[PDB]
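Before any questions on binding or motion, here is one chain by itself as structure tokens, the form deposited in one PDB entry.
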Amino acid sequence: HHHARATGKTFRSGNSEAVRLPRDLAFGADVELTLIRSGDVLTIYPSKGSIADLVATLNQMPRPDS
């Protein structure tokens, strides 16, 4: 379902540049996304919490070193 490739070009929507996401690459309107650019590569995924995290996993560590 969400396993696809596409090609496209930048366009202008309002006073902002935008990019279209064809069906199998889109996320749906109700999902908050994180958008990170590294150099010229843009990575987009649902926002589920930053890496600083979740009490940075102060759960209780297993005894064996990994």
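Residues that one form lacks are left out of the comparison. Just count from 1 along the sequence shown to find any residue number. Rigid core (definition): largest C-alpha set, two forms, superposition within 1.5 Å.
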Which is higher in the entry, the mean Cα B factor of 10 to 18 or that of 44 to 52?
10 to 18
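Omitted from view is the form deposited in another entry, to which the following refers.
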Shift test between this form and the one not shown (rigid core reference, C-alpha, 2 Å or more cutoff) over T43, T57, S13, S47 hits only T57
Run through the residues found in both forms and list the stretches of 3 or more in a row whose CA moves by 2 Å or more between this form and the one not shown, fitted on the rigid core.
54 to 66
